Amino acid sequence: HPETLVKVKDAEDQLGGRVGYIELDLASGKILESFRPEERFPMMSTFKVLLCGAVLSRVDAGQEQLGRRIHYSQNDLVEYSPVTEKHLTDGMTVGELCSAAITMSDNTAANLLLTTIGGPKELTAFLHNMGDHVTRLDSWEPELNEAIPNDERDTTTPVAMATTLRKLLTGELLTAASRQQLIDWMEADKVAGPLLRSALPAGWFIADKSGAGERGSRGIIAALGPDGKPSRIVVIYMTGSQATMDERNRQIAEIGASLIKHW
C-alpha cells in the first residue's frame, strides 16, 4: 500500500502526463510532502474557490452582499449550469451563486460572479494583491473547460494554490465569518465523490473542490482531517495525457487512500 509520494509517482507512470501534489500542515503552513510543487497545471474548476474568496473579500470590505439578488437571462447560460438553469425567473443571490459554483461546479454561476468583480484579470489582481504572484485566471467558462493547454493561461502550481487556499481559510485576510462561509461551501461539495472523498474514513472532515478538463486534466484542492476538524491542505493536479475520466479518478482516489493510510 504505497507511501503517498510513491503512489503519486506511480500514478504519473500509469497515466502519462504530469501529476503534481502538495500537502501542507494547516496550522503552521509548513510543507509536509510534495512532488512537482512549482510546476504549472491548469486549474480547471478549482479556480471557483478563489473566485468566491474574492467575492467574500468584497463582502468584508462592504462592497458586496451575499443576499444581493442577481437576475439573468437564458442567453447567459453556458454549458454545465445545473443550478443556474433552474432559476431563470427568480434569479439567485450572490451567496447562492457561490454555493452553486463551488458545490456543483456551475459555470454560469462562476461567470456571473466573475462579472461582479470585473472579470478574470480582476481575479488575478486579487490573487496578486494577496501575495500570490503565480496563479492566473485568463478565461471565462466554458472556454476554460473547452481549452487545450496552451500551458500558461488559467494555471497555478501545487504550492501556490495550496498556499493561497490556506491564506483564505486561516489567518485574517478574510473575516472569521467569511473564512467559515468559504469552508462551508467547500464542505458541501456534491461533485467530487470519486476523488479524495472515496478514501475518506468515517468521522473525518473534508472541504474540497474538483476540476476536470481536456488533455487528461483533473484536480482537487482540499482541507481535511480526522475527528471533524481540518488539519492539512492537499492539492493534486494532473494534465497532459490521454487518460480517461475513470482512470484519472481512480488514480486520485488511490493517492487519497495512501495519504489517509500514512497520515
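Quick note: we count residues from 1 along the sequence shown, nothing fancier.
Take the C-alpha B-factors listed in the entry for 122-130 and for 100-108, compute each mean, and give the stretch with the larger one. Mean C-alpha B-factor is greater for 122-130.
Going by the B-factors listed in the PDB entry, is the mean over the C-alpha atoms higher for 25-33 or for 39-47? So the stretch with the higher mean C-alpha B-factor is 25-33.
Using the entry's values, work out which of 186, 94, 173, 165 has the largest Cα B factor. Comparing C-alpha B-factors across 186, 94, 173, 165, the top value belongs to 173.
Among 234, 238, 206, 202, where is the Cα temperature factor highest, going by the PDB entry? That would be 202, according to the entry.
Could you place residue 67 in the lowest, middle or highest third of its chain by Cα temperature factor, using the values in the record? CA B-factor rank for residue 67: middle third.
Where does the C-alpha B-factor of residue 192 rank in its chain, lowest, middle or highest third? CA B-factor rank for residue 192: middle third.
In terms of the CA temperature factor given in the entry, to which third of its chain does residue 57 belong: lowest, middle or highest? Ranked within chain, residue 57 CA B lands in the lowest tercile.
By its CA B factor, does residue 155 count among the lowest, middle or highest third of the modelled residues in the chain? Answer is middle: the recorded C-alpha B-factor places it there.
What third of its chain's C-alpha B-factors does residue 210 belong to: lowest, middle or highest? CA B-factor rank for residue 210: lowest third.
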